[PDB]
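Residue numbers (PDB author numbering): 1 to 288.
To start, the structure under review is shown below, and the notes come after it.
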Ligand SMILES: CCCCCCCCCCCCCCCC(=O)O
């Protein structure tokens with residue numbers, strides 16, 4: 001038995017980890033209203049994506065990995081000698097990437113594919129990749145890994161804010177918000193993931209209080225966990241995520257793992273400007 005672990009590009013793992021563990025990536029892409037197509041990777045500067053999105057008369061659209069892209073990656077790993085492939089996918093509630101990796105795994109010959117629906121995104125999704133790799137090193141078998149990740153998913157989540165719901169509304173990736181649309185006010189929505197989908201949680205008066213609300217909601221949850229990893233995932237307003245990251249390092253005990261990451265182009269296209277998430281995993285994920 002020889003187990004590989006791969007993922008899609010929305011796991012947003014650092015290039016250091018991708019290089020170290022030779023993590024294969026099925027890339028998602030963004031298409032701008034001028035017809036320019038960009039596949040996600042770590043070489044394109046995220047600041048230039050936000051600049052182009054801001055200069056777009058029409059919101060850019062995104063594409064999941066084609067089923068052929070999953071198949072090609074599966075065949076490449078199989079031909080390297082891997083007998084089993086664990087695949088960590090973007091939430092099935094917001095993208096068809098998972099079901100396409102699942103169906104691609106049915107179609108590829110000569111290798112066993114174990115597709116996993118992370119029901120989240122960004123480095124929180126990436127944490128499932130890092131847990132699977134760690135377990136492969138420890139000699140666990142594919143079903144044992146899938147079982148462990150499924151348990152991990154029960155104590156994993158995220159809350160988030162965005163400047164403007166228009167991007168999420170345009171793509172249909174905000175669930176059950178046909179009420180705070182258009183109207184709202186200077187008030188700020190706080191959203192959360194729930195069974196793979198993005199739903200409203202609370203409406204607060206200011207953005208400053210929304211960021212305080214992110215921390216309170218998450219700390220209230222993880223105080224009951226035996227292990228805790230927290231991820232501040234920042235959008236285009238650098239000072240928002242850096243301030244929350246710094247504050248969490250101060251307010252939390254060192255027994256909490258507190259890490260930082262950012263949104264890539266595909267997720268940023270759906271969030272728009274001002275995205276800021278606070279995610280948690282009830283595990284001590286190996287980040288090295
Ligand atoms: C702290 C963690 C926060 C995570 C927030 C992630 C927000 C995701 C918003 C929707 C993204 C949808 C991508 C769809 C890609 C496609 O299939 O075209």
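Positions of the beta carbon are idealized from the N, C-alpha and C atoms, including for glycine.
Item, Value
"Distance cut-off 7 Å: residue 279 Cβ against heavy atoms of ligand 1", "yes"
"Alpha helix (DSSP H) runs contained entirely in the segment 133-206, provided each spans 4 or more residues", "142-154 and 166-171"
"Under 8 Å between C-beta atoms of residue 82 and residue 111", "yes"
"Reduced DSSP secondary structure (H/G/I, E/B, other) of residue 10", "helix"
"Residue 117 versus 136, 106 and 94, residue with shortest Cα-Cα distance", "94"
"Whether residue 56 touches residue 196 by CB criterion (8 Å)", "no"
"Ordered list of alpha helix (DSSP H) runs contained in the segment 240-278, each at least 4 residues", "265-271"
"Within 8 Å, strictly: CB atoms of residue 5 and residue 136", "yes"
"Those residues which DSSP pairs with residue 89 across a bridge", "117"
"According to DSSP, residues forming a beta bridge with residue 3", "84"
"Residue 267 classed as buried or exposed, judged by whether at least 16 other C-beta atoms fall within 10 angstroms", "buried"
"Residue 27 beta carbon less than 8 Å from that of residue 40", "yes"
"Through-space distance from residue 255 to residue 98, alpha-carbon basis", "33 Å"
"Span of the alpha helix (DSSP H) around residue 104", "97-107"
"Exposure label - residue 65; buried when at least 16 CB within 10 Å", "buried"
"For residue 185, the nearest candidate out of 175, 205, 104 and 194 (CA to CA)", "205"
"Per DSSP, the bridge partner or partners of residue 24", "6"
"Check: residue 173 C-beta below 7 Å from any heavy atom of ligand 1", "yes"
"The segment 137-148 touching the segment 167-184, judged by at least three CB pairs closer than 8 Å", "no"
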